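Throughout, protein chains are lettered first and strands after them, A, B, ... in sequence-line order, and every chain is numbered starting at 1. Computed over heavy atoms, backbone and side chain alike; hydrogens, waters and symmetry mates excluded.
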Amino acid sequence: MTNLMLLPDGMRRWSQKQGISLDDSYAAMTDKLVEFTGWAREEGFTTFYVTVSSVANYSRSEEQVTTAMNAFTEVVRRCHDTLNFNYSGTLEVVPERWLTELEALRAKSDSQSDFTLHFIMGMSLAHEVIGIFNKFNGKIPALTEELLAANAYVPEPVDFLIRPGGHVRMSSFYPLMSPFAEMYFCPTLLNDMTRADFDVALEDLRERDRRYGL
Amino acid sequence: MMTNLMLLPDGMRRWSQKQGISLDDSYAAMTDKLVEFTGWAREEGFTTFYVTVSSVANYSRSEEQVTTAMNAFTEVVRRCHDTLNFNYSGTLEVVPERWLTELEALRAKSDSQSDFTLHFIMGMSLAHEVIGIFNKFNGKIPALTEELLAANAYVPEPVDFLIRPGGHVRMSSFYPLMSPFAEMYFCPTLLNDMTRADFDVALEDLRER
Ligand SMILES: CC(C)=CCC/C(C)=C/CSP(=O)(O)OP(=O)(O)O
Ligand SMILES: CC(C)=CCC/C(C)=C/CSP(=O)(O)OP(=O)(O)O
Ligand code: DMA
Ligand code: DMA
Ligand SMILES: [Mg+2]
Ligand SMILES: [Mg+2]
């Protein structure tokens with residue numbers, strides 16, 4: 001069993017490239033993420049993680065925050081009935097409206113589905129570690145790997161990670177408990193990603209020899 | 001002005017097979033190459049050169065392999081400690097004490113006045129790092145701050161550039177906790193085959209971003 005994590009990038013550059021508004025670029029992002037969820041399910045992944053946002057992203061203007069959060073929420077609105085939906089992250093920086101709607105969508109999702117779509121919002125290792133410490137500070141004799149794993153934003157090690165958009169860096173999106181995650185970078189903007197691009201990415205990722213330090 | 005470079009040295013086994021030599025000789029070439037690389041980083045104006053010596057999982061290899069690798073890195077310090085400031089950090093409880101003792105003696109003897117620092121991180125693992133920080137501050141502070149976290153991470157400052165030769169596009173337990181804005185560069189050349197020109201074009205790529 002294998003899981004896949006996507007870092008969606010390139011909506012502004014795609015808006016300028018297509019000569020359309022940012023809102024329409026985010027609508028194309030919604031469609032593209034629905035496609036991508038279907039592809040990941042067809043490819044046998046048990047969980048498809050989508051990095052929705054870092055903490056820094058919520059420092060953009062409220063118009064961009066609203067447009068983006070609505071675009072991501074629309075993915076769940078369209079797909080939630082046929083899969084298990086979940087979410088995590090630094091929820092205190094997300095506007096409460098979207099926390100409410102995503103909570104309702106998770107309650108309405110198919111908890112018995114063998115495929116999971118998982119949104120991570122407000123990713124930042126510093127905020128994650130600080131939150132875990134402040135949660136357990138003075139309440140346990142010591143932190144164990146089991147408890148840490150049980151409270152990380154990503155609830156399991158990530159097998160494959162894909163970042164389109166041309167930037168070779170992880171920003172605030174590195175998954176805490178995935179020391180041997182395989183990373184794949186490609187210059188294609190997310191909204192230009194085809195099924196064939198996804199497939200050759202999976203060829204690259206699956207062809208690699210995983211050795212785990214041994 | 002603080003500028004940092006982090007190298008993930010990889011490919012010693014494949015290089016030993018490629019050259020038809022023992023693992024020990026491949027690690028000797030790694031020692032020579034890392035002395036070169038430290039020199040290159042100093043010439044390029046980096047204030048600290050971080051080298052990831054090992055992950056926690058690496059110490060589950062056979063004792064001969066651990067001895068070979070730890071001796072090769074320690075030999076880097078043996079050759080360089082007189083002309084630079086040396087430091088080290090990480091999950092020290094899993095490092096064999098022989099190497100902790102020798103590396104501690106070498107760090108105490110290093111050139112504290114050098115404006116260039118070589119820093120080894122040993123037993124890297126984000127889980128062990130976070131667990132150690134928590135257990136240190138558990139119940140003793142009202143809340144964890146970014147300052148305390150930054151002051152207690154294995155890598156004590158933000159990393160500017162991160163380079164991994166050897167062809168694998170992954171962090172392999174070596175991701176620096178407090179470097180959200182680090183730029184990454186991967187190249188297929190094995191570490192022992194890296195030239196100064198390869199390093200220079202790597203720096204062109206990283207600096208053009
Ligand atoms: C959900 C919120 C508040 C923000 C998400 C923003 C987001 C997905 C950013 C990645 S795409 P973006 O950086 O806007 O477009 P490019 O500059 O990379 O072309
Ligand atoms: C064994 C210890 C403690 C440290 C050595 C880890 C290290 C420097 C690995 C880089 S080269 P290695 O992974 O051993 O050989 P390859 O399979 O990558 O060719
Ligand atoms: C994959 C993803 C959601 C990235 C967040 O946006 P960004 O990193 O492109 O924004 P910034 O310009 O702050 O780096
Ligand atoms: C010290 C160092 C940079 C080792 C390279 O990583 P690795 O070979 O232990 O990781 P993997 O087994 O995933 O290739
Ligand atoms: Mg972007
Ligand atoms: Mg290796």
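Contacts between residues 143-162 of chain A and chain B, counted as heavy-atom pairs separated by less than 4.5 Å, involve A/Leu143, A/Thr144, A/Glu145, A/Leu148. Of all residues in residues 43-51 of chain A, none places a non-hydrogen atom less than 4.5 angstrom from a non-hydrogen atom of chain B.
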Original post:
Please walk me through it: do B/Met171 and A/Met170 pass side-chain contact (heavy atoms from CB on, under 4.5 Å)?
Top reply: CA-CA 10 Å; B/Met171 286 297 105; A/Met170 289 301 305; 5.8 Å; no
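Counting only distance, with no hydrogens or angles, the side chain of B/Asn138 and the backbone of A/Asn137 share no donor-acceptor pair below 3.5 Å. Between the B/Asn58 side chain and the A/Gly213 main chain, a donor and an acceptor come within less than 3.5 Å of each other. Panel note: side chain B/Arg209, backbone A/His167; no donor-acceptor pair is recorded below 3.5 Å.
For the set B/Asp205, B/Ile141, B/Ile133, the count of heavy-atom pairs under 4.5 angstrom toward chain A peaks at B/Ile141. For the set B/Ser172, B/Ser179, B/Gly139, B/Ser60, the entry with the most heavy-atom pairs within less than 4.5 Å of chain A is B/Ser172.
If you take CZ on A/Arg169 and CE on B/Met184, they are separated by 11.0 Å, rounding to the nearest 0.5 Å.
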Which donor-acceptor pairs under 3.5 Å do the side chains of residues 9-16 of chain B make with protein atoms, sequence neighbours left out?
unit_1  : atom_1 : unit_2   : atom_2 : d
B/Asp10 : OD2    : B/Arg14  : NH2    : 3.4
B/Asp10 : OD2    : B/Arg164 : NH2    : 3.0
B/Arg14 : NH1    : B/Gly166 : O      : 2.6
B/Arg14 : NH2    : B/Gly166 : O      : 3.3
B/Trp15 : NE1    : B/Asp193 : OD1    : 2.9
B/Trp15 : NE1    : B/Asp193 : OD2    : 3.3
B/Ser16 : OG     : B/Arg13  : O      : 2.6

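For a residue to count as touching a neighbouring chain, one of its non-hydrogen atoms must lie under 4.5 Å from one of that chain's; by this rule B/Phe186 touches chain A with the side chain only. Using a 4.5 Å cut-off between heavy atoms, B/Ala182 contacts chain A through its backbone alone, with no side-chain atom that close.
For A/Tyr212, the ring pair (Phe, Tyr, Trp, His ring centres under 6.0 Å) partners two or more places apart in sequence, or in a different chain, are A/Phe180.
A 6.0 Å sphere centred on CD of B/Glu97 holds more than 12 heavy atoms belonging to other residues, nucleotides or ligands.
Taking the six-membered ring where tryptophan is involved, the planes of B/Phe134 and A/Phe133 are perpendicular, since the angle between them exceeds 60° and thus also 30°.
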